[PDB]
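Notes follow the structure.
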Amino acid sequence: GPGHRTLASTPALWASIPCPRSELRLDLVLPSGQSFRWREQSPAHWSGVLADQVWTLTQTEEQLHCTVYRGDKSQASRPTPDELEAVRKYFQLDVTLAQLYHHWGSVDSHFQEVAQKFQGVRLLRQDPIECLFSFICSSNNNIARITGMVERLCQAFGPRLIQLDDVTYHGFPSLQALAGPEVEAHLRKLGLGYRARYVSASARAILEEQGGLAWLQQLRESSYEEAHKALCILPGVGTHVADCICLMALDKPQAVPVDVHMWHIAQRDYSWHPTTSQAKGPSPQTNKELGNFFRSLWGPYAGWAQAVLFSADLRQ
DNA sequence: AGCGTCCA
DNA sequence: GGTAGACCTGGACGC
DNA sequence: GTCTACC
Ligand SMILES: [Mg+2]
Ligand SMILES: [Mg+2]
Ligand code: NA
């Protein structure tokens with residue numbers, strides 16, 4: 001298929017969004033375990049599926065440049081303002097990150113030192129279905145392997161979009177695509193391990209027991225506490241996966257996912273121990289306490305602060 | 001040399 | 001509710 | 001990281 005585009009080579013096909021590097025660093029956000037569907041197919045150019053279409057993104061110092069491959073056999077053209085609005089919404093650019101960074105660093109000198117090096121780590125606003133099933137795949141696993149699982153999931157069950165170079169892009173699967181009684185065994189052949197049952201069972205649960213796709217909108221509109229509790233009914237979704245979905249797709253900025261990294265960070269960088277449990281190792285109680293600790297430290301956007309330290313810890 | 005343990 | 005241990009997969013890497 | 005089984 002046609003080539004992945006670069007900004008310098010095809011400038012007619014790109015349009016810009018005002019966005020300084022202090023507000024966004026694509027190389028620190030897109031491969032850091034929020035979305036698993038972006039790839040740096042050319043140096044400094046990131047390609048992936050965003051609102052049912054393939055996009056490539058690249059930055060200059062003050063602008064985010066975007067290009068869209070529409071693949072309806074239409075003539076190539078730069079993104080329209082309406083199309084760019086989807087990219088603006090995905091990166092939540094109405095939130096001003098430099099002001100959050102000032103607050104987090106003011107209350108936390110360790111955060112301040114990390115943030116000096118890791119500018120522009122913000123939170124994507126993801127589709128709830130893509131986020132739910134990607135994070136069901138993430139538990140007790142590593143980002144490289146999760147990325148391959150999500151890719152093969154989309155390849156097998158999501159609609160084909162377009163081919164660029166040797167890469168065939170697919171949309172994320174629907175609930176209905178993942179709900180069949182044959183889907184689990186297929187996802188096992190695709191190497192999802194014991195999470196194959198969780199993906200298929202969770203799709204069935206949403207369709208058969210929760211009212212379908214509208215339930216995720218209910219949870220978007222619900223409090224953090226109510227959305228967090230409700231998600232945990234799903235097979236494979238415990239408190240960490242539920243917090244990932246709350247933070248990254250249901251607009252709960254205070255949700256703080258607590259994984260192996262955040263636990264290591266708490267111990268190493270904060271010398272933290274739980275005070276609501278005599279036993280100090282990970283447990284339902286101590287994981288709950290740690291998320292409350294980070295919220296008390298960083299404030300209402302504590303989950304966004306978590307994403308900064310998580311991105312940095314993947315690099316260290 | 002590559003098995004087998006650690007780890008995400 | 002607290003606790004312990006099993007668990008798919010496959011890269012890192014000590015021995 | 002979540003599940004299941006046992007206290
Ligand atoms: Mg054309
Ligand atoms: Mg559950
Ligand atoms: Na420090």
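Order of the sequence lines fixes the chain letters, A, B, ..., with proteins taken first and strands second; residue numbering starts at 1 for each chain.
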For a quick check of understanding: with a heavy-atom distance under 4.0 Å over all strands, which category does A/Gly193 fall into, base, sugar-phosphate or nothing? base

Partners meeting side-chain contact (heavy atoms from CB on, under 4.5 Å) with A/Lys89 (sequence neighbours left out): A/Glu85

Between D/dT4, C/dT3, C/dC8, which nucleotide has the shortest distance from any of its atoms to the side chain of A/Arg188? C/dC8

Just distance, no hydrogens or angles: give the donor-acceptor pairs under 3.5 Å from side chains in residues 9-18 of chain A, sequence neighbours left out.
| residue | atom | partner | partner atom | Å |
| --- | --- | --- | --- | --- |
| A/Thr10 | OG1 | A/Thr6 | O | 2.8 |
| A/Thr10 | OG1 | A/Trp14 | NE1 | 3.0 |
| A/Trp14 | NE1 | A/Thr6 | O | 3.3 |

Could you state the CZ-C1' distance from A/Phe135 to D/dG1, rounded to the nearest angstrom? 13 Å

Cation-pi between A/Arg122 and A/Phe91: NZ/CZ under 6.0 Å from ring centre and within 45° of the ring axis? no

Candidate nucleotides C/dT3, B/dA8, D/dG1, ranked by approach to the side chain of A/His264 - the nearest: B/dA8

If you look at every strand shown and take non-hydrogen atoms under 4.0 Å, does A/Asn287 touch a base, only sugar-phosphate, or nothing? nothing

Inter-nucleotide P distance (D/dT2, C/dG11), Å rounded: 24 Å

Please work out which of the three classes, parallel, tilted or perpendicular, describes the rings of A/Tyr301 and A/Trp304, given edges at 30° and 60°. tilted

Write down the distance separating the P atoms in D/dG1 and B/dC7, rounded off to the nearest Å. 13 Å

Look at the side chain of A/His240 and decide which nucleotide, out of D/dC3, C/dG2, D/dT2, has an atom nearest to it. D/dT2

What integer distance in Å separates A/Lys280:NZ from C/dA4:P? 14 Å

Should the ring pair A/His264 and A/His261 be called parallel, tilted or perpendicular, given that the plane angle runs from 0 to 90° and is split at 30 and 60? perpendicular

Rounded to the Å, how far apart are A/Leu192 CG and C/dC7 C1'? 14 Å

Name the closest nucleotide to the A/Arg197 side chain, picking from D/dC3, C/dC8, D/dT2. D/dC3

May I ask you to decide if the ring planes of A/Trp263 and A/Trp272 are parallel, tilted or perpendicular, using 30° and 60° as cut-offs? perpendicular

Contact list for DNA chain B against residues 138-152 of chain A - heavy-atom distance below 4.0 Å: A/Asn140, A/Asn141, A/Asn142

Assign A/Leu190 to base, sugar-phosphate, or nothing according to its heavy-atom contacts below 4.0 angstrom with the strands shown. nothing

What is the distance, rounded to the nearest whole Å, between atom CD1 of A/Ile136 and atom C1' of D/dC3? 13 Å

Would you call A/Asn287 and A/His240 a side-chain contact if the rule is heavy atoms closer than 4.5 Å? no

What is the distance from CH2 of A/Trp263 to P of B/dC7, rounded to the nearest Å? 16 Å

Roughly how many Å apart are B/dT5 and C/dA6, using the P atom of each and rounding to a whole number? 14 Å

Between the side chains of A/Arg88 and A/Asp94, is the shortest nitrogen-to-carboxylate-oxygen separation below 4.0 Å, so that they form an ion pair? yes

Could you check how far OH of A/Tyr194 sits from P of C/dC7, rounded to whole Å? 11 Å

Which is true for A/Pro282 with a 4.0 Å heavy-atom rule: it touches a base, it touches only sugar-phosphate, or it touches nothing? nothing

Could you measure between the two P atoms, the one in C/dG10 and the one in D/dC3, and give it in whole Å? 23 Å

Is there, by distance only and without an angle test, a donor paired with an acceptor across the side chain of A/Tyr198 and the base of D/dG1 below 3.5 Å? no

A/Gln285 CD to D/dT2 P, straight-line distance once rounded to whole Å: 16 Å

What is the distance from CG of A/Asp313 to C1' of B/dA8, rounded to the nearest Å? 12 Å

